[PDB]
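First, one chain by itself: the form solved without its partner chain, in structure tokens.
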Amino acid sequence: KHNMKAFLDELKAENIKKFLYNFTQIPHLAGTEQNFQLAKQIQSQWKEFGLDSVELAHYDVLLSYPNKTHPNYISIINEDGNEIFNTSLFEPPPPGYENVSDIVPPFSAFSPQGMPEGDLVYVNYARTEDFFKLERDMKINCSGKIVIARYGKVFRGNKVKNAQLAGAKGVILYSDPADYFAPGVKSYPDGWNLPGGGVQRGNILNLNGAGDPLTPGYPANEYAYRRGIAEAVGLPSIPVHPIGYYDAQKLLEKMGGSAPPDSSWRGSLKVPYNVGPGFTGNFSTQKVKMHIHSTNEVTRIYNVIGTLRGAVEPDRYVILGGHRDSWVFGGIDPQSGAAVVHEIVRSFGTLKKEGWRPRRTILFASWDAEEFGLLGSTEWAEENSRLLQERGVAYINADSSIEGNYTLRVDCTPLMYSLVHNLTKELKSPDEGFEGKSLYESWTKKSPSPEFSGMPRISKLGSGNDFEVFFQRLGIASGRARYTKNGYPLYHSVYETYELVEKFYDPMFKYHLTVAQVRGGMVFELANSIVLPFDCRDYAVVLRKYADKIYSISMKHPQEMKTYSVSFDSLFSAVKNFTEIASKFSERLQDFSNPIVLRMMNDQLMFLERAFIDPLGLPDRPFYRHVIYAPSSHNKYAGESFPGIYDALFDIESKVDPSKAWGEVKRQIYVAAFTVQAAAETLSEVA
């Protein structure tokens, strides 16, 4: 038979291993010839595997690269202008790769050019609360200073935005061993830790879902009109550069000024973690100087788009997508995910060659330029937004399959919770000590739900990956799954190789296979189940949780709620109505031979995520349109619930016009209550 088990059994760990090796021998940086050749290879193989059509979709988008003949670096400069210490020009390459060409040196993509010279201030993780502590509590002024911040906790673009708004004239990012060196594990190549010369690449944009900085709203096709660079979206205004902890130590060790305020500001280096500004007495006339000469350049990128046409509902799309571009070899990010997609395509294709087709159309995507701001997925979604709007059932992401070997991690819309619980109960756990047990059992034991006994944790989607446009802009039900730790030290470094994965993460490729089963099984059910496998009642449960949560934040300010008559009554009423209507819809869904009633009901299911979209967007973030979830304004990686109300309440005690600020809280309560009620009403009887 051709059923989910046939699909799942055809997936092989050895194939995933072979593909991973194949995808990680040379760098595949977005916009480079190497990455275009890999696109062509994947296109050819997906055709061979049996897809109906496989095309490249190309766009010309703003990318950023160092200047090969004018390298980026940082100095300590003495009184006379002599550079007495320089940061590294490259990471020492790993064994056997010391002759590999085209390894991009560490840099922060989209940094402007400059050579700012000044006194250092250490800003911990450069989070919003770190700058509050500096400016409000310690009375330390970052204006015209170079800020040094440790990576971790939040997306690096938010750090740079925060430093810019504090008045910094440059930002140095570094990896502290506190955050990137696990106790008792050896550095690469003898373990999975970050050596002192390792450095994390990565973009520092604040795009808020715009896609290519030059063409917000529209695909960057051949005739696109482009904004000028001065009007581009999300570019930083000050130079930024990342360094490793050997180099950071040399920059921090001389720091003077104020002591760190408490232990949460101290990393693991043998330095005092003084905040500054500037260096201690003997070195007070020394300064730090950045030299950044990277350039932004409109460059062609290529997505591979494969189609497996549905037998019954070809105009309903289930999308499995993940990126292909990498900073260097992409041993984990993204090729551990891409190899899994490749094996999934191969397995679906095996069934297709035997005469099977899924009920709905499956689209498979190899996205380009994810690392430069989700550019490939976002431009393609901008190009196809009307098709996706009206036909998109679900999007399953497929970036890195493993970031650890401890347990599963799933982030998804509440509409997929039941699907994920049911699927994982039917899959075998790959975990030691759980042989013969289900993946649901091992996952639930290792990652318990905070609210429910005998249930696993499932997180909210934020951003920082290619589902963003589908979920937060377009309102298509989205999910992701990968293996995780109890992100990882070698992230975006030259050391993230095939050998890292094969030796230290997943020698048997069993965690990769488990992830392929989860992602592939979700796609299979979404594309083949007669009734779409979404449970609207799970959204009702979470909406009440989120409403309780946002009300509790507001209730920290009882006097103001009294003064400005701030009531959450409408939001709770809408949530209550959603719960009631969803229950009734579930009864009809269970109780309804009529394909029109079925499809009518499948359309109600498909458009339910869509109903949470507000076509006016969130305040000053027009491409974040989902009213229940948005990426946190303080950390793109984290999801925030009722974001419009959350941001209206955030730090509200500091606003100079409380009447206006509380007015805006009330406005956001009304928008949220209305959107919840409107979404509920899409589940009512249609006439």
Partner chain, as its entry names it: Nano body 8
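Positions refer to the first chain, counted from 1.
Quick note: we don't show the form deposited with its partner chain bound, though the next part is all about it.
- Only one of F90, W356, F434, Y406 lies close to its partner chain in the entry with it bound, with a heavy atom inside 4.5 Å, and it is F90.
- Only one of the listed residues (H291, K254, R201, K287) places a non-hydrogen atom within 4.5 angstroms of its partner chain in the entry with it bound, and that residue is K254.
- Exactly one of the stretches 257 to 265, 497 to 505, 75 to 83, 418 to 426 approaches its partner chain in the entry with it bound with heavy atoms within 4.5 Å, and it is 75 to 83.
- Looking at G520, you'd find every heavy atom of it more than 4.5 angstroms from its partner chain in the entry with it bound.
- In the entry with it bound, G196 approaches its partner chain with a heavy atom inside 4.5 Å.
- Interface residue remark: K485 is not counted as part of the site for its partner chain in the entry with it bound, having no heavy atom within 4.5 Å.
- For the chain shown alone, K584 is not a contact residue for its partner chain in the entry with it bound, no non-hydrogen atom being within 4.5 angstroms.
- Annotation for 234 to 261: interface residues with its partner chain in the entry with it bound are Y246, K250, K254 [heavy atom within 4.5 Å].
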